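Since the structure comes first, as structure tokens, the remarks are kept for the end.
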Amino acid sequence: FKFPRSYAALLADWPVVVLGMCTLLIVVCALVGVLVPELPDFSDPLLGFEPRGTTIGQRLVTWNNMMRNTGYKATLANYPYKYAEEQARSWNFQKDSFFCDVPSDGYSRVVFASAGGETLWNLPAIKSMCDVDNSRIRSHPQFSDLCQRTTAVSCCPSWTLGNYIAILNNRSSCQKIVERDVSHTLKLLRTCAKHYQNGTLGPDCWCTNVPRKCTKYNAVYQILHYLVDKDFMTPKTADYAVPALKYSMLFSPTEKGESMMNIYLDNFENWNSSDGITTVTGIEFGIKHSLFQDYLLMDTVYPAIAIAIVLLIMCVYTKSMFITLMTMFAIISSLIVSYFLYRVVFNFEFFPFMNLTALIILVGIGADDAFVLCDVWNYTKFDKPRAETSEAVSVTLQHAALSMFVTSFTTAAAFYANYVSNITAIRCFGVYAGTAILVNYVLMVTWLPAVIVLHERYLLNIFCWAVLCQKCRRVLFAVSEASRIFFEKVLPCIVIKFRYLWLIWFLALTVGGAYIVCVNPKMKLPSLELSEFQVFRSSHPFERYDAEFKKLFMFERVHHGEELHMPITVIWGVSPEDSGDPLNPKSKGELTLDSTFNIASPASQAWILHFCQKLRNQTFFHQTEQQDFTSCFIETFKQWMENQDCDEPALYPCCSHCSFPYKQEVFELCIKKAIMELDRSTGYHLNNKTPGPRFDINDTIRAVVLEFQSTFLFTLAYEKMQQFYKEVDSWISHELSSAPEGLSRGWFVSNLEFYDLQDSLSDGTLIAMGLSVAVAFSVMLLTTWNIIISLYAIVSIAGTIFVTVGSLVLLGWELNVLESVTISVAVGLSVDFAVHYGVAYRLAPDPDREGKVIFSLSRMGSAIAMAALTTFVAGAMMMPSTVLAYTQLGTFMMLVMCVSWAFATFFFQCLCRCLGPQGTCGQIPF
Ligand SMILES: CCCCCCCCCCC(CCCCCCCCCC)(CO[C@@H]1O[C@H](CO)[C@@H](O[C@H]2O[C@H](CO)[C@@H](O)[C@H](O)[C@H]2O)[C@H](O)[C@H]1O)CO[C@@H]1O[C@H](CO)[C@@H](O[C@H]2O[C@H](CO)[C@@H](O)[C@H](O)[C@H]2O)[C@H](O)[C@H]1O
Ligand SMILES: CCCCCCCCCCC(CCCCCCCCCC)(CO[C@@H]1O[C@H](CO)[C@@H](O[C@H]2O[C@H](CO)[C@@H](O)[C@H](O)[C@H]2O)[C@H](O)[C@H]1O)CO[C@@H]1O[C@H](CO)[C@@H](O[C@H]2O[C@H](CO)[C@@H](O)[C@H](O)[C@H]2O)[C@H](O)[C@H]1O
Ligand SMILES: CC(C)CCC[C@@H](C)[C@H]1CC[C@H]2[C@@H]3CC=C4C[C@@H](OC(=O)CCC(=O)O)CC[C@]4(C)[C@H]3CC[C@]12C
Ligand SMILES: CC(C)CCC[C@@H](C)[C@H]1CC[C@H]2[C@@H]3CC=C4C[C@@H](OC(=O)CCC(=O)O)CC[C@]4(C)[C@H]3CC[C@]12C
Ligand SMILES: CC(C)CCC[C@@H](C)[C@H]1CC[C@H]2[C@@H]3CC=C4C[C@@H](OC(=O)CCC(=O)O)CC[C@]4(C)[C@H]3CC[C@]12C
Ligand SMILES: CC(C)CCC[C@@H](C)[C@H]1CC[C@H]2[C@@H]3CC=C4C[C@@H](OC(=O)CCC(=O)O)CC[C@]4(C)[C@H]3CC[C@]12C
Ligand SMILES: CC(C)CCC[C@@H](C)[C@H]1CC[C@H]2[C@@H]3CC=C4C[C@@H](OC(=O)CCC(=O)O)CC[C@]4(C)[C@H]3CC[C@]12C
Ligand SMILES: CC(C)CCC[C@@H](C)[C@H]1CC[C@H]2[C@@H]3CC=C4C[C@@H](OC(=O)CCC(=O)O)CC[C@]4(C)[C@H]3CC[C@]12C
Ligand SMILES: CC(C)CCC[C@@H](C)[C@H]1CC[C@H]2[C@@H]3CC=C4C[C@@H](OC(=O)CCC(=O)O)CC[C@]4(C)[C@H]3CC[C@]12C
Ligand SMILES: CC(C)CCC[C@@H](C)[C@H]1CC[C@H]2[C@@H]3CC=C4C[C@@H](OC(=O)CCC(=O)O)CC[C@]4(C)[C@H]3CC[C@]12C
Ligand SMILES: CC(C)CCC[C@@H](C)[C@H]1CC[C@H]2[C@@H]3CC=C4C[C@@H](OC(=O)CCC(=O)O)CC[C@]4(C)[C@H]3CC[C@]12C
Ligand SMILES: CC(C)CCC[C@@H](C)[C@H]1CC[C@H]2[C@@H]3CC=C4C[C@@H](OC(=O)CCC(=O)O)CC[C@]4(C)[C@H]3CC[C@]12C
Ligand SMILES: CC(C)CCC[C@@H](C)[C@H]1CC[C@H]2[C@@H]3CC=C4C[C@@H](OC(=O)CCC(=O)O)CC[C@]4(C)[C@H]3CC[C@]12C
Ligand SMILES: CC(C)CCC[C@@H](C)[C@H]1CC[C@H]2[C@@H]3CC=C4C[C@@H](OC(=O)CCC(=O)O)CC[C@]4(C)[C@H]3CC[C@]12C
Ligand SMILES: CC(C)CCC[C@@H](C)[C@H]1CC[C@H]2[C@@H]3CC=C4C[C@@H](OC(=O)CCC(=O)O)CC[C@]4(C)[C@H]3CC[C@]12C
Ligand SMILES: *[C@@H]1O[C@H](CO)[C@@H](O)[C@H](O)[C@H]1NC(C)=O
Ligand SMILES: *[C@@H]1O[C@H](CO)[C@@H](O)[C@H](O)[C@H]1NC(C)=O
Ligand SMILES: *[C@@H]1O[C@H](CO)[C@@H](O)[C@H](O)[C@H]1NC(C)=O
Ligand code: NA
Ligand code: NA
Ligand code: NA
């Protein structure tokens, strides 16, 4: 029998036990992790982007549960269906010479710009647009199945300038037009645009106040409204010898959607996008989110190239391809083991596509501890040459293992702090990436020291070319000693000799970053709808369509310019709750009816009439010359009763003789009659969105809905939508507080989905960042046991963060979903170089603060720079990517390494050289 008396003896005496047991546990996690759970589905990028458990979120979830469960023999109905049954017992533009339809937002389309920046209103450009449509769309084998038709002989014509010129100038097609048709149609537009600008000319005049010349085919209206950019025909542009057409649109007679993807993938995806006359600058085929998964999985080639560069750096630093490959195996194993823990142990069903971004992060930050442990091992061999391997192991762990933990933990804690967000995808990403970071640490203090012991024991001897080897060894020596001279002589001189320059420069940058973040221009919230969220780089044609061209065309602007009033919907008899799993996007739970509700009592009838009339007297209510007889159903019912006659006994309980507080049995009787009477007398039809009573399976009223229109207009601005929400919710809450028992539990809902998202981005970032800062300063104290070093560190970290976040604001980032996570993660990353220099400063033998800074830079500079570099390189490799999340994360990684390294190496070490503690000054007791 044999057994090691300590962990340092286990690593030294039995390395193969540690590596064998680790490899076994890893292949078990790999096998069970791929065999047991359902694989991730990335087909919707926006899955999990709704807050869950917010007041507004639960009411919004509840109102959606009510709408899916309303209908014949559903949980709820608009119609009393038991009563309904119980009563029922008693192309060529000369020959054809029209377009098949008006252009619309439902058709597949492309935006053209000029090659070489000239105006598109010329015969070469006009034909080149028709040429691209024929060449790239109508030619495709499934166009003929997808296109609209008048007969099986041919598809409909496309809507483009050349075909409007052909129909107006009696040509057969765009290909047969001549230069006189182009200038004639310009003179027609340039003179008739007046009546479009003034609002007289309109869609269907083929309006008689406009000269007939204009109204032909609706062509002048359709060109100006659909096909040309808004700046073309305005009084400011039209007085030019030729007005400048910068952009034009083409519409295809095929519908937007997943049917477009073969046409896209064959003819557009790998295309040059230019004919040499004109360039396709925007595409709207209805396939942006449907193409996401392909680009997402293809772009995994750049994280793979990043692994090869991080292997080169680490092999040159360690001088060992064995230690290097075994270190990268442990890095990748931490992603596998974290995935097994996440899906099998923690039981997360949802895996957001941002969990794939954890590979880039771990490739970048995974090897930092290997640089530390290898440096400390080499220092330990040098300062104890005659040590037994278990003593060389224990001394190496005594020096390295805590520093390695505080640096891993502060970044993991920053990821886990995002689990306070209400947004499901943010919480799921925080838990997965935080777990991979901690699993990577466990491997760096088990696997990696056992690998270092096997290397030491065997591979120092075991496992023309000899010339190439000797020449390579000579270059590797030169790089070693040049780097040693830099970190141990050059860099300490540059930091210390210019300390008063550095303190002024880095403090001025800190004040500048704080002004940009806290004063002007501050970081903004997202400013477009969730279905308009960017997924590709902004140069992609699908993103340029949304970011530029939706502003420049009149038919697209009409959708923005709409004066849409906020609805005020008030629901009783249902509980506003989210009984689904808040970590699963597809688990919305079931509708919960309220058992204390009662509309039918005389007191409930009386109060809910008075609520309707008191609400109509508010300044938030919009009065209309058209009455709405749906809005408050009890007024329309009271009105109907006051028009019922009494000479037939079959109508008697419903008589006009009855005072309004109807006996409970007359209310639930005559309401059913009134609802059935409506359905055939008026012919008005009730759908799941219509306000009224809701009946259950055997016709008892289990819910009531009211709806009113507001003065407040729907906006994407946070500050104004917060004033609508606070004004109406606090008035309705105050008014409800005096309601009868059985109406005091009602609730208000409206189009608040985007405001709830904005409110959760703002809240979750503040809390996750406050938690991330609290952990960073706490471990800084517990690492250093000195308040002065801990103050200089947290001030350098604060300057790092203000410069990092102010730089993201100058680059034009908003506080959207992944951006909001990077801001707490900045804190967690920014810790590391200040804790490493801070421990080297206290460790220093030298009594004088200058000698302590020289020892700190000398000992620690090499490993700190290798860590910064491998993270910067992992970020730089993501820059060719098509997926926007990969380019945003790689941009953040480069920037935060530069700022973090500069503030740690120069500013923090200059504070230590000017006023760093000596003896026991600032030291904390036990
Ligand atoms: C958390 C992990 C999530 C994993 C999710 C699953 C991903 C599965 C698909 C991964 C994937 C890339 C490789 C990724 C490696 C890293 C994997 C992860 C490991 C950790 C990092 C497989 O790529 C495959 O690689 C094979 C070779 O390995 C190759 O084999 C061939 O040669 C053999 C030899 O002669 C021969 O024998 C065999 O017969 C051949 O066919 C296949 O043809 C090829 O499809 C998909 O991309 C494929 O390749 C291209 C890449 O550029 C990609 O290019 C486009 O987009 C790029 C991006 O914008 C861009 O750069 C390119 O310019 C652009 O053109 C292609 O569209 C796509 O087809
Ligand atoms: C789940 C409930 C859903 C309710 C759905 C309601 C649907 C709308 C019907 C409401 C209704 C019938 C009610 C039938 C009984 C229903 C009982 C139900 C009870 C259970 C809840 C109310 O009928 C009202 O009757 C009153 C008398 O009782 C009468 O009052 C007066 O009395 C004396 C002169 O007769 C006088 O001397 C006295 O001074 C007055 O006071 C009003 O003038 C009259 O409008 C008919 O109102 C008409 O509705 C039209 C659209 O159908 C609507 O059309 C316009 O607007 C449309 C856009 O909106 C648009 O598209 C149309 O193009 C447009 O032309 C009219 O503008 C509207 O006028
Ligand atoms: C070498 C690699 C794989 C790095 C990680 C090594 C270990 C630290 C991991 C690998 C598998 C993990 C185990 C996977 C499954 C479980 C079952 C789980 O079982 C319980 O009964 C939990 C009950 C509860 O929820 O309270 C407890 C944690 C445990 C042992 C895990 C603890 C941590 C383990 C041993
Ligand atoms: C790769 C994973 C998935 C499974 C590995 C399972 C076993 C095949 C491993 C686990 C622990 C290993 C053992 C750990 C320690 C040693 C002591 C080692 O002793 C020595 O002094 C080296 C002698 C030599 O081989 O020259 C001999 C191999 C052995 C028995 C190892 C053989 C292979 C073992 C049984
Ligand atoms: C990035 C991940 C996927 C790497 C996974 C690596 C493993 C498949 C392991 C198992 C056995 C290892 C090999 C065992 C022995 C050697 C001999 C070794 O010979 C040397 O001259 C070592 C010199 C030195 O490093 O000091 C070079 C590495 C290599 C091929 C090892 C490289 C890493 C291997 C292939
Ligand atoms: C760093 C790596 C080595 C470990 C990361 C943990 C893996 C065990 C997980 C994380 C994400 C998973 C992938 C997520 C997505 C896909 C695409 C899927 O193929 C599709 O085309 C899915 C189509 C669809 O369902 O819509 C095949 C499985 C795969 C590669 C999964 C395989 C297992 C992966 C790599
Ligand atoms: C999820 C589970 C598997 C994680 C459990 C943690 C362990 C895998 C690691 C993490 C850091 C390791 C420690 C890092 C540093 C040291 C100091 C080292 O040296 C001393 O204690 C010197 C004592 C002396 O001789 O005076 C001994 C091993 C030890 C305790 C290590 C023991 C194993 C630890 C606790
Ligand atoms: C990417 C960010 C976040 C981290 C930045 C780290 C750099 C400041 C480090 C990484 C590698 C370092 C280099 C490694 C080796 C050398 C050789 C060294 O050569 C000498 O001192 C002269 C030797 C001779 O005279 O032969 C000069 C500095 C330099 C370029 C170093 C400068 C500092 C570098 C660029
Ligand atoms: C630290 C901040 C400002 C951002 C990163 C620094 C870089 C922008 C580099 C590029 C060129 C560098 C400069 C190149 C040459 C010199 C002269 C050098 O003069 C000395 O007296 C050196 C003495 C010695 O050799 O020991 C002092 C540092 C300085 C200003 C360097 C400081 C760091 C600089 C500005
Ligand atoms: C103290 C040091 C160590 C770290 C820096 C912390 C804060 C001073 C900064 C960094 C990022 C800032 C946040 C970035 C973005 C926003 C969105 C912003 O939302 C708005 O409504 C802005 C106007 C609008 O968009 O309508 C509210 C402030 C907030 C949370 C900021 C509050 C102040 C924060 C947390
Ligand atoms: C909100 C935060 C991110 C920025 C503002 C922080 C300031 C309120 C404090 C915190 C630490 C202070 C620094 C602590 C130490 C020094 C070194 C000190 O050096 C000397 O006095 C050198 C000359 C001499 O020794 O006589 C000069 C002031 C300075 C930069 C201080 C200036 C004011 C600082 C930056
Ligand atoms: C290519 C080799 C031979 C020279 C590398 C020179 C370096 C100084 C590297 C380090 C960072 C690199 C930059 C990192 C990022 C970008 C952004 C990239 O644009 C994008 O992909 C947009 C990214 C985003 O949208 O977030 C264009 C190249 C550029 C300037 C890179 C150019 C080359 C740089 C300056
Ligand atoms: C020496 C260290 C600092 C690492 C250097 C990394 C470089 C090799 C990277 C940094 C920026 C990269 C470039 C950033 C952006 C692009 C645009 C990209 O354009 C595309 O059309 C493909 C991507 C897409 O379609 O989204 C082609 C590669 C290229 C030049 C990249 C090639 C690789 C570069 C030069
Ligand atoms: C933007 C920030 C975050 C990172 C910048 C990293 C490097 C690009 C900078 C940091 C310090 C700079 C160095 C500061 C001093 C020198 C010494 C200078 O002179 C010599 O090498 C000879 C010195 C002698 O022995 O006399 C040449 C430029 C160099 C290497 C500089 C090149 C650019 C360096 C490596
Ligand atoms: C802490 C310092 C001493 C060194 C850190 C690395 C530097 C190379 C970083 C820090 C701040 C960065 C700057 C922060 C902000 C901007 C504005 C940014 O955006 C714009 O000017 C607007 C672009 C647009 O039109 O959208 C372009 C890059 C730039 C100059 C950055 C370039 C790289 C800088 C100088
Ligand atoms: C349209 O132009 C006429 C003059 O031709 C002008 O009287 C009228 O006020 C304009 N329309 C509007 C909405 O002002
Ligand atoms: C591709 O686009 C360029 C302009 O960027 C144009 O000159 C060239 O003719 C186009 N076609 C091909 C096949 O390169
Ligand atoms: C009425 O419907 C409920 C289920 O919603 C059922 O429990 C009850 O037995 C039904 N009563 C009659 C008389 O149909
Ligand atoms: Na790194
Ligand atoms: Na670490
Ligand atoms: Na950290």
Side-chain angles (χ1 to χ4, degrees), residues 410 490-523 769-770 772-774 776-781 783-784 786-811 813 822-842 848-857 860-861 864-865 868 872 892 894-918 921-922:
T410 62
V490 183
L491 180 67
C493 183
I494 293 171
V495 174
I496 289 162
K497 184 175 173 182
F498 297 98
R499 67 197 178 279
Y500 307 134
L501 171 63
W502 304 134
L503 291 168
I504 271 55
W505 172 245
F506 283 101
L507 187 58
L509 291 175
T510 301
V511 173
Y515 166 79
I516 293 156
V517 171
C518 300
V519 186
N520 176 38
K522 308 203 297 176
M523 189 168 256
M769 192 166 207
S772 301
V773 173
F777 184 67
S778 301
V779 307
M780 193 80 214
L781 287 168
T783 299
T784 58
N786 193 296
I787 187 63
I788 307 302
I789 303 299
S790 299
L791 285 171
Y792 296 169
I794 202 67
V795 175
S796 306
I797 284 160
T800 301
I801 295 152
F802 280 119
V803 175
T804 302
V805 182
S807 297
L808 296 174
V809 173
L810 290 183
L811 289 162
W813 285 29
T822 67
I823 290 162
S824 44
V825 170
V827 199
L829 294 171
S830 73
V831 165
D832 299 0
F833 307 151
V835 291
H836 285 300
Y837 290 132
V839 300
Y841 187 93
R842 87 198 283 212
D848 59 292
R849 53 165 77 89
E850 187 168 280
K852 295 193 178 192
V853 173
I854 293 165
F855 179 95
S856 172
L857 288 172
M860 229 60 183
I864 284 168
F872 182 100
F892 168 74
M894 288 182 291
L895 174 66
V896 75
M897 287 302 99
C898 290
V899 183
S900 182
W901 183 82
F903 269 89
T905 297
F906 297 85
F907 182 72
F908 172 73
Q909 297 283 253
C910 291
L911 293 173
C912 295
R913 168 63 183 76
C914 295
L915 292 178
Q918 296 183 257
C921 185

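Along the sequence shown, residues carry numbers from 1.
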Under 3.5 Å, side chain of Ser830 to main-chain N/O of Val827, donor-acceptor pair present?
-> yes
Where do [X] and [Y] come nearest, in terms of heavy atoms and distance?
{"X": "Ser796", "Y": "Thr800", "result": "O-OG1, 2.7 Å"}
{"X": "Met897", "Y": "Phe872", "result": "CG-N, 4.0 Å"}
{"X": "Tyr841", "Y": "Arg849", "result": "OH-CB, 3.6 Å"}
{"X": "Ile797", "Y": "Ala834", "result": "CD1-CB, 4.4 Å"}
{"X": "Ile789", "Y": "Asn786", "result": "N-OD1, 3.5 Å"}

Report the residues that fulfil side-chain hydrogen bond (donor to acceptor under 3.5 Å, both in side chains) with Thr804, sequence neighbours left out, ordered by chain and then residue number.
->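 Result, side-chain hydrogen bond (donor to acceptor under 3.5 Å, both in side chains) vs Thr804: none returned.
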Listed by chain and number, what are the side chain to side chain contact (heavy atoms under 4.5 Å, CB included) partners of [X], not counting sequence neighbours?
{"X": "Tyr515", "result": "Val519, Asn520"}
{"X": "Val490", "result": "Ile485, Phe486, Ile494"}
{"X": "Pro492", "result": "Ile854, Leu857"}
{"X": "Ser824", "result": "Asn418, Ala768, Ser772"}

Side chain to side chain donor-acceptor pair (under 3.5 Å) pairs, two or more places apart, involving residues 500-510 |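 For residues 500-510: none.
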N/O donor-acceptor pairs under 3.5 Å from side chains in residues 905-918, not counting sequence neighbours:
| residue | atom | partner | partner atom | Å |
| --- | --- | --- | --- | --- |
| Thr905 | OG1 | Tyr837 | OH | 2.9 |
| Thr905 | OG1 | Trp901 | O | 3.2 |
| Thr905 | OG1 | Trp901 | NE1 | 3.3 |
| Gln909 | OE1 | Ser856 | OG | 2.7 |
| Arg913 | NE | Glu850 | OE1 | 2.9 |
| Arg913 | NH2 | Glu850 | OE1 | 3.1 |
| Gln918 | NE2 | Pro847 | O | 2.9 |

